[PDB]
Amino acid sequence: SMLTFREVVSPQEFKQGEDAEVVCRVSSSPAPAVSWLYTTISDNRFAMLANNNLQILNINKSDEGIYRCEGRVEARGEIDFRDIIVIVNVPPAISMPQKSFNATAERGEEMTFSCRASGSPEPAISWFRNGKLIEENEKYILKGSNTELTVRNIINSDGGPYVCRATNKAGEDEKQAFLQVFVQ
(Lines of atoms letter the chains of each structure in order from A and count residues from 1; the text may use other names and numbers.)
(Lines give C-alpha, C1' and ligand atoms only; values in the text may rest on other atoms or scores of the structure.)
Protein backbone atom coordinates (compact mmCIF):
# COMPACT_ATOMS: atom_id res chain seq x y z
CA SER A 1 0.00 0.00 0.00
CA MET A 2 2.88 2.38 0.66
CA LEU A 3 4.88 4.08 -2.07
CA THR A 4 7.58 1.83 -3.46
CA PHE A 5 9.96 2.91 -6.20
CA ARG A 6 10.76 -0.39 -7.89
CA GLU A 7 12.83 1.03 -10.73
CA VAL A 8 14.46 4.46 -10.68
CA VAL A 9 17.77 3.71 -12.34
CA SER A 10 20.19 6.62 -12.16
CA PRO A 11 21.84 7.69 -14.29
CA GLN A 12 19.85 6.86 -17.39
CA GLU A 13 21.74 7.56 -20.62
CA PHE A 14 20.27 8.51 -24.00
CA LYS A 15 21.69 9.35 -27.41
CA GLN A 16 21.21 12.90 -28.63
CA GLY A 17 18.28 13.12 -31.04
CA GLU A 18 16.40 10.08 -29.75
CA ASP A 19 12.97 10.30 -28.16
CA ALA A 20 14.09 9.50 -24.62
CA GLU A 21 11.88 7.64 -22.15
CA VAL A 22 13.04 8.26 -18.59
CA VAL A 23 11.91 5.26 -16.55
CA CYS A 24 10.29 5.58 -13.13
CA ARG A 25 8.37 2.55 -11.89
CA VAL A 26 6.51 3.52 -8.73
CA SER A 27 3.68 1.62 -7.07
CA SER A 28 1.27 1.90 -4.16
CA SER A 29 -2.33 1.14 -3.21
CA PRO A 30 -4.33 3.10 -4.13
CA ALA A 31 -2.29 3.63 -7.32
CA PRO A 32 0.08 6.65 -7.25
CA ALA A 33 -0.33 9.98 -8.99
CA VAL A 34 3.02 10.72 -10.62
CA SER A 35 4.56 14.06 -11.62
CA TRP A 36 7.99 14.96 -13.03
CA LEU A 37 10.09 17.93 -11.94
CA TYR A 38 13.25 19.69 -13.12
CA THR A 39 10.19 22.76 -10.59
CA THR A 40 7.37 21.34 -12.73
CA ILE A 41 7.93 20.64 -16.43
CA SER A 42 6.23 22.66 -19.18
CA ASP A 43 7.89 22.17 -22.58
CA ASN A 44 6.67 20.97 -25.99
CA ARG A 45 9.08 18.00 -26.20
CA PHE A 46 8.20 16.76 -22.71
CA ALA A 47 5.23 14.61 -21.73
CA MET A 48 4.36 11.85 -19.28
CA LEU A 49 3.48 8.50 -20.84
CA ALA A 50 0.65 6.18 -19.72
CA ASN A 51 3.14 4.15 -17.66
CA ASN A 52 4.23 7.36 -15.84
CA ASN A 53 7.60 7.50 -17.61
CA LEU A 54 8.87 10.85 -18.86
CA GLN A 55 9.22 11.25 -22.62
CA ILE A 56 11.67 13.82 -24.01
CA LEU A 57 11.34 14.08 -27.78
CA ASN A 58 14.49 14.75 -29.77
CA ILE A 59 16.56 14.88 -26.63
CA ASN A 60 19.42 17.31 -26.61
CA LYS A 61 22.70 17.65 -24.71
CA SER A 62 21.22 20.68 -22.98
CA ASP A 63 18.39 18.49 -21.56
CA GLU A 64 21.00 16.76 -19.38
CA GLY A 65 20.35 17.15 -15.66
CA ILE A 66 18.49 15.87 -12.63
CA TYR A 67 14.84 14.97 -13.09
CA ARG A 68 12.64 14.20 -10.12
CA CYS A 69 9.94 11.54 -10.26
CA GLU A 70 7.35 12.30 -7.59
CA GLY A 71 4.68 9.83 -6.49
CA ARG A 72 1.65 10.70 -4.34
CA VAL A 73 -0.91 8.47 -2.65
CA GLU A 74 -3.47 11.25 -2.80
CA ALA A 75 -5.94 9.43 -0.56
CA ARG A 76 -3.44 9.49 2.32
CA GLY A 77 -1.56 12.68 1.51
CA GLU A 78 1.62 10.63 1.14
CA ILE A 79 4.29 12.03 -1.18
CA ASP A 80 7.73 10.64 -1.95
CA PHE A 81 10.24 11.11 -4.73
CA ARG A 82 13.41 9.93 -6.42
CA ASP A 83 15.93 11.94 -8.42
CA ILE A 84 17.20 10.53 -11.72
CA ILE A 85 20.30 11.82 -13.48
CA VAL A 86 19.66 12.08 -17.21
CA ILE A 87 22.81 11.88 -19.34
CA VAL A 88 22.93 12.66 -23.06
CA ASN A 89 25.66 11.05 -25.17
CA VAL A 90 26.65 12.86 -28.37
CA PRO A 91 28.42 11.07 -31.26
CA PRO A 92 31.81 12.48 -32.33
CA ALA A 93 32.00 15.20 -34.98
CA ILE A 94 35.48 15.97 -36.30
CA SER A 95 36.77 19.40 -37.21
CA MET A 96 39.63 19.14 -39.72
CA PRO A 97 39.93 22.72 -41.03
CA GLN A 98 42.70 21.89 -43.53
CA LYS A 99 42.44 18.71 -45.60
CA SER A 100 45.07 19.40 -48.28
CA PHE A 101 48.79 19.82 -47.61
CA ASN A 102 51.92 20.15 -49.78
CA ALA A 103 55.53 19.31 -49.07
CA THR A 104 58.70 18.62 -51.07
CA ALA A 105 60.42 15.26 -50.72
CA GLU A 106 63.94 14.75 -49.38
CA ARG A 107 64.44 18.20 -47.87
CA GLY A 108 63.93 17.20 -44.25
CA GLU A 109 60.47 18.78 -44.24
CA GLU A 110 57.77 17.91 -41.71
CA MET A 111 54.01 18.51 -41.86
CA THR A 112 51.39 18.59 -39.11
CA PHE A 113 47.77 17.47 -39.61
CA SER A 114 45.10 18.63 -37.17
CA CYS A 115 41.95 16.83 -36.05
CA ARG A 116 39.73 17.91 -33.15
CA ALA A 117 36.39 16.35 -32.21
CA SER A 118 33.33 17.28 -30.20
CA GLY A 119 31.24 14.61 -28.49
CA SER A 120 30.21 13.06 -25.17
CA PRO A 121 31.76 11.12 -23.70
CA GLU A 122 35.05 12.69 -24.82
CA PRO A 123 35.98 11.04 -28.15
CA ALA A 124 39.27 9.20 -28.50
CA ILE A 125 41.23 10.34 -31.56
CA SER A 126 43.46 7.98 -33.57
CA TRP A 127 45.25 8.33 -36.91
CA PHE A 128 45.48 5.74 -39.67
CA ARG A 129 47.70 5.30 -42.70
CA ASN A 130 46.71 2.65 -45.24
CA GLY A 131 44.19 1.36 -42.68
CA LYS A 132 46.94 0.82 -40.11
CA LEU A 133 46.97 2.51 -36.72
CA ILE A 134 49.73 5.11 -36.53
CA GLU A 135 51.82 5.00 -33.34
CA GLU A 136 54.39 7.58 -32.24
CA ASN A 137 57.99 6.86 -33.22
CA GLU A 138 60.81 8.52 -35.20
CA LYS A 139 58.57 9.08 -38.24
CA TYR A 140 55.30 10.15 -36.58
CA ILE A 141 54.81 12.54 -33.68
CA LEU A 142 51.44 12.71 -31.86
CA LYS A 143 50.61 15.78 -29.76
CA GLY A 144 47.69 17.28 -27.86
CA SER A 145 45.71 14.13 -27.11
CA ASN A 146 46.42 12.89 -30.65
CA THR A 147 44.79 15.95 -32.23
CA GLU A 148 48.04 16.84 -34.01
CA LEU A 149 49.87 14.31 -36.16
CA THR A 150 53.31 15.34 -37.44
CA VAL A 151 54.92 13.45 -40.31
CA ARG A 152 58.69 13.98 -40.18
CA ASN A 153 61.39 13.78 -42.88
CA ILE A 154 58.91 13.79 -45.74
CA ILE A 155 59.80 11.67 -48.79
CA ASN A 156 57.67 10.52 -51.73
CA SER A 157 56.22 7.46 -50.01
CA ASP A 158 54.54 9.77 -47.47
CA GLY A 159 52.27 11.22 -50.15
CA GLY A 160 48.58 10.35 -50.19
CA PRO A 161 45.92 10.21 -47.52
CA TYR A 162 45.96 10.04 -43.73
CA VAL A 163 42.74 9.39 -41.80
CA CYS A 164 41.76 10.64 -38.36
CA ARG A 165 39.02 8.74 -36.50
CA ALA A 166 37.12 9.98 -33.45
CA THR A 167 35.24 7.38 -31.43
CA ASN A 168 33.00 7.25 -28.36
CA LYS A 169 30.27 4.93 -27.07
CA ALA A 170 27.68 6.80 -29.13
CA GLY A 171 29.40 6.63 -32.52
CA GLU A 172 32.36 7.35 -34.76
CA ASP A 173 33.43 10.04 -37.19
CA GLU A 174 36.36 10.03 -39.65
CA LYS A 175 38.02 12.57 -41.94
CA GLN A 176 40.73 12.15 -44.55
CA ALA A 177 43.61 14.52 -45.25
CA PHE A 178 45.88 14.28 -48.30
CA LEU A 179 49.57 15.16 -48.48
CA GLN A 180 50.88 16.05 -51.94
CA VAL A 181 54.63 15.45 -52.15
CA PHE A 182 56.61 17.26 -54.85
CA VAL A 183 60.02 16.30 -56.20
CA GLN A 184 62.65 19.02 -55.70
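Be aware that the sequence shown starts at 910, since it is given in the numbering used here, and climbs by one per residue. Ideal placement from N, C-alpha and C gives every residue a C-beta, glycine not left out.
8 Å contact criterion, which residue i and residue j should meet: CB distance rounded
i	j	result
residue 1058	residue 1051	6 Å
residue 1061	residue 1015	Contact flag wrong, Cβ pair sits at about 13 Å.
residue 1055	residue 1036	7 Å
residue 1003	residue 1084	5 Å
Status (buried if at least 16 other CB within 10 Å, exposed otherwise) for residue i
i	result
residue 1022	buried
residue 979	buried
residue 1005	buried
residue 939	exposed
residue 1031	exposed
residue 1001	buried
Reference residue i; option with closest CA among the options
i	options	result
residue 957	967, 968 and 945	945
residue 947	995, 1005, 1035 and 1075	995
residue 934	1046, 1089, 993 and 1034	993
residue 929	914, 962, 915 and 950	962
residue 949	923, 911, 976 and 1080	976
residue 1068	911, 971, 1009 and 937	1009
Beta-carbon proximity list for residue i, same chain, < 8 Å, skipping 5 on both sides
i	result
residue 1091	1011, 1012, 1013 and 1014
Beta carbon of residue i nearer than 8 Å to that of residue j
i	j	result
residue 999	residue 921	no
residue 1028	residue 959	no
residue 932	residue 916	yes
Close beta carbons around residue i, own chain, < 7 Å, minus the five adjacent residues each side
i	result
residue 981	941, 942, 987 and 988
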